[PDB]
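Visitor: Attaching a single structure in structure tokens format; questions to follow.
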Amino acid sequence: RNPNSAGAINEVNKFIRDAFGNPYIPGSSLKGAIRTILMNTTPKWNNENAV
RNA sequence: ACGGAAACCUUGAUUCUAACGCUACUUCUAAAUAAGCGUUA
């Protein structure tokens, strides 16, 4: 819709920042993505024993 | 008017010198601030 006409953008989800206000990507986020990739492609972790 | 009188068990002395409540030890281990959008129109 038009951002200056209706309610439109009421809330914006903030990006992660440090104490200086500069955005960055935490290592925990990339590590979680890498861990998902590794766990899904290892047959000894992607089995019914994972539940 | 007594085997009695007179006579300090007294003076000077530091329970003192030396000695680390010390040696070794990561508040550590895994962990995406992320998932779901139905039904009506």
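Starting from 1 in every chain, residues are counted up; chains themselves are A, B, ... following the order of the structure tokens, and ligands are numbered from 1 as listed.
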What are the residues of chain A lining chain B at 9 Å or less? Count only C-alpha atoms (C1' of nucleotides), and put the answer as a PDB file with C-alpha atoms, in the first residue's frame.
Guide:
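Output saved as iface-v3.pdb:
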ATOM      1  CA  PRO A  26      26.462 -12.668  14.607  1.00  0.00           C
ATOM      2  CA  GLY A  27      28.542 -15.814  14.442  1.00  0.00           C
ATOM      3  CA  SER A  28      25.837 -17.727  16.287  1.00  0.00           C
ATOM      4  CA  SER A  29      23.387 -17.139  13.415  1.00  0.00           C
ATOM      5  CA  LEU A  30      25.763 -18.384  10.721  1.00  0.00           C
ATOM      6  CA  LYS A  31      26.776 -21.262  12.991  1.00  0.00           C
ATOM      7  CA  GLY A  32      23.128 -22.286  13.350  1.00  0.00           C
ATOM      8  CA  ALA A  33      22.663 -22.237   9.574  1.00  0.00           C
TER       9      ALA A  33
END
Visitor: If you run DSSP on the backbone here, which positions in chain A get helix (DSSP H, G or I)? Please write them as JSON, numbers by chain.
Guide: {"A": [27, 28, 29, 30, 31, 32, 33, 34, 35, 36, 37, 38, 39, 40, 48, 49, 50]}
Visitor: Just how far from CA of residue 39 in chain A is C1' of residue 29 in chain B, in Å to one decimal?
Guide: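 Separation of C1' of residue 29 in chain B and CA of residue 39 in chain A: 19.7 Å.
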Visitor: Which value, in Å to one decimal, gives the distance between CA of residue 16 in chain A and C1' of residue 34 in chain B?
Guide: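 Separation between CA of residue 16 in chain A and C1' of residue 34 in chain B: 13.5 Å.
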Visitor: Just the number, please: distance in Å from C1' of residue 30 in chain B to CA of residue 35 in chain A, one decimal.
Guide: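 Interatomic distance, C1' of residue 30 in chain B to CA of residue 35 in chain A: 11.3 Å.
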Visitor: Please identify all polymer residues within 12 Å of residue 15 in chain A, counting only C-alpha atoms (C1' of nucleotides), omitting same-chain residues fewer than 6 positions from it, and present them as a VMD selection string.
Guide: (chain A and resid 21 to 26) or (chain B and resid 33)
Visitor: Would you write out those residues with N, CA and C atoms (P, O5', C5', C4', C3', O3' and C1' of nucleotides), as a PDB file, in the first residue's frame?
Guide:
ATOM      1  N   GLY A  21      25.718   0.955  17.131  1.00  0.00           N
ATOM      2  CA  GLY A  21      24.650   1.138  16.172  1.00  0.00           C
ATOM      3  C   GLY A  21      24.958   0.678  14.768  1.00  0.00           C
ATOM      4  N   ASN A  22      26.012  -0.078  14.577  1.00  0.00           N
ATOM      5  CA  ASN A  22      26.383  -0.586  13.267  1.00  0.00           C
ATOM      6  C   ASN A  22      25.892  -2.014  13.107  1.00  0.00           C
ATOM      7  N   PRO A  23      25.178  -2.324  12.028  1.00  0.00           N
ATOM      8  CA  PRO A  23      24.674  -3.688  11.844  1.00  0.00           C
ATOM      9  C   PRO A  23      25.793  -4.664  11.524  1.00  0.00           C
ATOM     10  N   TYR A  24      25.599  -5.907  11.946  1.00  0.00           N
ATOM     11  CA  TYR A  24      26.556  -6.980  11.710  1.00  0.00           C
ATOM     12  C   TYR A  24      25.806  -8.296  11.795  1.00  0.00           C
ATOM     13  N   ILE A  25      26.431  -9.364  11.323  1.00  0.00           N
ATOM     14  CA  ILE A  25      25.842 -10.699  11.375  1.00  0.00           C
ATOM     15  C   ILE A  25      26.536 -11.474  12.487  1.00  0.00           C
ATOM     16  N   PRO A  26      25.822 -11.902  13.532  1.00  0.00           N
ATOM     17  CA  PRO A  26      26.462 -12.668  14.607  1.00  0.00           C
ATOM     18  C   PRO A  26      26.959 -14.018  14.117  1.00  0.00           C
TER      19      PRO A  26
ATOM     20  P     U B  33      21.033 -16.508  17.399  1.00  0.00           P
ATOM     21  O5'   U B  33      19.713 -15.834  17.966  1.00  0.00           O
ATOM     22  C5'   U B  33      19.161 -14.676  17.356  1.00  0.00           C
ATOM     23  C4'   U B  33      17.720 -14.915  16.993  1.00  0.00           C
ATOM     24  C3'   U B  33      17.096 -13.917  16.016  1.00  0.00           C
ATOM     25  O3'   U B  33      16.217 -14.621  15.150  1.00  0.00           O
ATOM     26  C1'   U B  33      15.783 -14.042  17.957  1.00  0.00           C
TER      27        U B  33
END
